[PDB]
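Residue numbers (this note's numbering): -11 to 691.
C-beta atoms are modelled at their ideal positions from N, C-alpha and C, and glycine is treated no differently.
Take a look at the structure below.
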DNA sequence: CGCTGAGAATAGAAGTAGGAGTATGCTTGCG
């Protein structure tokens, strides 16, 4: 229908994107922030846009995210106690007299409005089943843990319950359903979390494995809502996703029967499990890469899956009770019109003889996974379809189709090697240096300026990349100490190579104190580095490793790597910061499009630069600029964050594109901060001949 | 202290129901 005028829709410190032909819009705020008061708006029939209520508000804003308070914690206490918690605010748990603690007892408010770790529980053994516990933000009704006794979970107002709201103590000692969590609107899952939580609970860990039966079979059904952003560009993204899924599942030594269904308003059936080539994984891949477009109706798709399941024999066929069925549904809408599709799932469970017995519940033989995309997905409908298994997650909500691609890219990258550059598998029990293995702390002691706390990046087994200003020639080799993997041992240096075109003494008798052009250095370690779960390399530009990370053909020029890593835009980069021995990822944006000159124009204020006529004499083509308050409130760098990598996070891999060099104003531990507070980084594409010459013998396969 | 038969309300029909609703969830005016 008609559209609305976009005058005044912008949000303080955020951006927006129009969905469904402009009749809707989502607000996107920087990390750690959320749009206040609401995330989405609709186009009225009166020209204007939806109003903002909390109580009508003038204009939207981005405000900091708070982590919920534990509504209660049975058989123990937690502290510090507060009504709400800011980001990066840990809380500890203690259990009462004679109780036993399980779960993470030192949780922490992550940058995503969620608590780090998992649910703390105090239990003794005075019940048949275990203490199901109270996930933070929920409310459990019922405290008796005898057989068949129930417990129910409730979410606060304005929040949506993902998981089970009723768990019954089954015969056994394990609870039914799955642990619930409360979901706010803007809450998205990261591709890392989705990949891990899908792989686990698709598999069991011996590496992993898929547990079929003796003379067992698996039937997998890929259902795609191609009536919106999923079926765009002829399902181009969803094709990659499913190709990598088929590959990764074939890697586990199983030959499953595949089925493939798209649906806009009608279900279109491409691959049926009865076709003899339905277990030929590459036949399925060839037929999948062959799908085409062309109101969303899901019940018909689930009934097509049911027709695949059903049999026309007299009565049953052979091995019906040995086959395990998996239904992977990817949607971005799912306003369940055309009927109520839950009945279809219950008919399916009927047909599989699931939940019709006490010693044979057969819940292992049906898995339903749902991947929701975008803000317009119904958090309740997707959760009602998905399954609920103890210690397993089956519902996911991601923000783009790009993130859904990165999910399966990350899943494929899982078991390549420890030498895969820029690879981080986000685990269940991970510390700081688990998530930034390339980091290297340089310490240089000399009380003329001061304990220079410089970071670094492990680009290979013998080399570490940093910034040249960290060192001088007065600094002698018994004063530079490099540490990796966040250990206590310092490493041994052969030589520290500075760029041949580096000179901080400028341009000194021209009236400029420091000239940071070509401010890169390479530390050659004497010994070798032992790649592990805490020491791993980072990807560099214009190497075939980055070409394989960016999922590109081997005939890719360094210029194409540039135009994908550094286009003329507001590229979303990141870096890592020292914060009380905490390693946190600060996320910034590189002003390389139309804001580039506005960024370089804010160099004037930096020390000794307030009278330089030409600002391009201190800010040279070997610099990228981040910081400021446009288009988002960027975080600035610290004095000790100097030399660290400026990372671009793409296709679930981390590519280094810059070296942190200098900043306009040092405001590090802060938060009224100026808008001319920018940071400059050395572009690693501009110092490429030096890097290639110096790392020629490190197996980086430079382009 | 009684009718409300028409509108509001983050959209917004049109019934009339102390309805409903993707983050929530109602009242006009008449002694």
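Buried or exposed for residue 72, please, with buried defined as at least 16 other CB atoms from any protein chain shown within 10 angstroms of its CB.
Exposed, since its Cβ has fewer than 16 Cβ neighbours within 10 Å.
Do three or more CB pairs link the segment 91 to 101 to the segment 72 to 82 at distances below 8 Å?
Result yes; three or more Cβ-Cβ pairs closer than 8 Å.
Apart from the five residues on each side of it in sequence, which residues of its chain come closer than 8 Å, Cβ to Cβ, to residue 651?
If you ignore the 5 residues before and after residue 651, its C-beta comes within less than 8 Å of the C-beta of 594, 615, 624, 625, 665, 666, 667 and 668, all in its own chain and listed in chain order.
In the DSSP assignment, find the beta strand (DSSP E) that holds residue 294 and state where it starts and stops.
Looking at the DSSP string, residue 294 is not in any beta strand (DSSP E); the run it does join, the alpha helix (DSSP H), is 287 to 297.
Residue 59 and residue 127 - do their beta-carbons sit closer together than 8 Å?
Yes, the pair counts as a contact, with Cβ atoms nearer than the cut-off.
Please work out which residues of its chain come closer than 6 Å, Cβ to Cβ, to residue 289, disregarding the five sequence neighbours upstream and downstream, and give them in chain order.
Same-chain partners within the cutoff: 211, 249, 251 and 255.
For the alpha helix (DSSP H) that residue 535 lies in, which residues bound it at each end?
According to the DSSP assignment, residue 535 belongs to the alpha helix (DSSP H) that extends over 532 to 537.
May I have the straight-line CA-CA distance separating residue 702 from residue 490, to the nearest angstrom?
A query on residue 702 cannot be resolved here, the shown segment of the chain reaching from -11 to 691 and no further.
Quick one: residues in its chain with C-beta nearer than 8 Å to the C-beta of residue 672, no 5 flanking neighbours on either side, listed in chain order?
The residues are 508, 528, 529, 644, 645, 646, 647 and 679.
Just to confirm before moving on: does the CB-CB distance between residue 384 and residue 360 stay below 8 Å?
Yes, Cβ-Cβ distance for residue 384 and residue 360 is below 8 Å.
So residue 504 packs on residue 649, CB below 8 Å; how close in whole Å?
Cβ atoms of residue 504 and residue 649 come within 8 Å of each other, at about 5 Å.
Across the segment 470 to 489 and the segment 512 to 519, are there enough close Cβ pairs to call them in contact, namely three or more that are closer than 8 Å?
At 8 Å Cβ cutoff, the stretches touch.
Separation of residue 83 from residue 21, as counted between CA atoms:
Whole-angstrom Cα-Cα distance: 33 Å.
First and last residue of the beta strand (DSSP E) that includes residue 114?
Looking at the DSSP string, residue 114 is not in any beta strand (DSSP E), and its letter there is neither H nor E.
Where does residue 207 sit, in a helix, a strand or coil, going by DSSP?
It is a strand residue.
At the level of alpha carbons, what is the spacing between residue 261 and residue 190?
Taking the CA atoms as reference points, residue 261 sits about 20 Å from residue 190.
Determine the DSSP secondary structure at residue 21, reduced to helix, strand or coil.
The three-state reading of DSSP puts residue 21 in strand, counting E and B together.
I'd like the ranges of any beta strand (DSSP E) spanning at least 3 consecutive residues and lying wholly in the segment 130 to 193.
Taking only runs of at least 3 residues, the beta strand (DSSP E) segments lying wholly in the segment 130 to 193 are 138 to 143, 148 to 150, 154 to 156 and 169 to 171.
Exposed or buried, residue 2, counting other C-beta atoms within 10 Å across all chains shown (16 or more means buried)?
Buried is the call here.
Taking the continuous alpha helix (DSSP H) assigned at residue 331, which residues delimit it?
Element bounds for residue 331: 330 to 339.
C-alpha distance - residue 386 paired with residue 337, whole-angstrom precision
Residue 386 and residue 337 have their alpha carbons spaced roughly 28 Å apart.
Measuring CB to CB, does residue 698 end up less than 8 Å from residue 245?
Residue 698 is absent from the model: the chain starts at -11 and stops at 691.
Give me, in chain order, the residues of the same chain whose beta-carbon lies closer than 7 Å to that of residue 424; leave out the 5 immediate sequence neighbours on both sides.
Its chain contains 564 and 571 as the residues whose beta carbon lies nearer than 7 Å to that of residue 424, once the 5 sequence neighbours on both sides are disregarded; these appear in chain order.
Which word fits residue 426, buried or exposed, when buried means at least 16 other C-beta atoms lie within 10 angstroms of its C-beta?
With 16 or more Cβ atoms within 10 Å of its Cβ, residue 426 is classed as buried.
Range of the contiguous alpha helix (DSSP H) that encloses residue 586
Here the alpha helix (DSSP H) through residue 586 covers 584 to 588.
Buried or exposed for residue 412, please, with buried defined as at least 16 other CB atoms from any protein chain shown within 10 angstroms of its CB.
Buried, because 16 or more other Cβ atoms sit within 10 Å of the Cβ of residue 412.
When the Cα atoms are used, what is the spatial distance from residue 36 to residue 317?
When only Cα atoms are considered, residue 36 and residue 317 end up about 36 Å apart.
Residue closest to residue 130, alpha-carbon to alpha-carbon, out of 301, 138 and 198
When each option's Cα is compared against that of residue 130, the closest is 138.
Residue 37 - partner residues in DSSP beta bridges:
Residue pairing of residue 37 in beta bridges, as defined by DSSP: 31.
As an exercise, report each continuous alpha helix (DSSP H) stretch of at least 4 residues that is fully enclosed by the segment 388 to 428, in chain order.
As far as the segment 388 to 428 is concerned, its whole alpha helix (DSSP H) runs of at least 4 residues are 389 to 400.
If I follow the unbroken alpha helix (DSSP H) through residue 272, where does it start and stop?
Counting along the chain, the alpha helix (DSSP H) containing residue 272 begins and ends at 269 to 276.
In whole angstroms, give me the CA-to-CA distance for residue 172 and residue 182.
Roughly 17 Å between the two C-alpha positions.
Are there 16 or more other CB atoms within 10 angstroms of the CB of residue 295, so buried, or fewer, so exposed?
Exposed, by the Cβ-count rule.
Alpha carbons only, please: which of 484, 597, 475 and 473 is nearest the one belonging to residue 463?
For the set 484, 597, 475 and 473, the Cα lying nearest the Cα of residue 463 is the one of 484.
How many whole angstroms separate the CB atoms of residue 315 and residue 356, which I take to be in contact at a CB cut-off of 8 Å?
Yes, they are in contact, since the Cβ atoms of residue 315 and residue 356 sit about 5 Å apart, within 8 Å.
Would you check if the segment 138 to 148 and the segment 321 to 335 touch, i.e. whether three or more CB-CB distances between them fall below 8 Å?
Contact between the segment 321 to 335 and the segment 138 to 148 is absent: fewer than three C-beta pairs spanning the two stretches fall below 8 Å.
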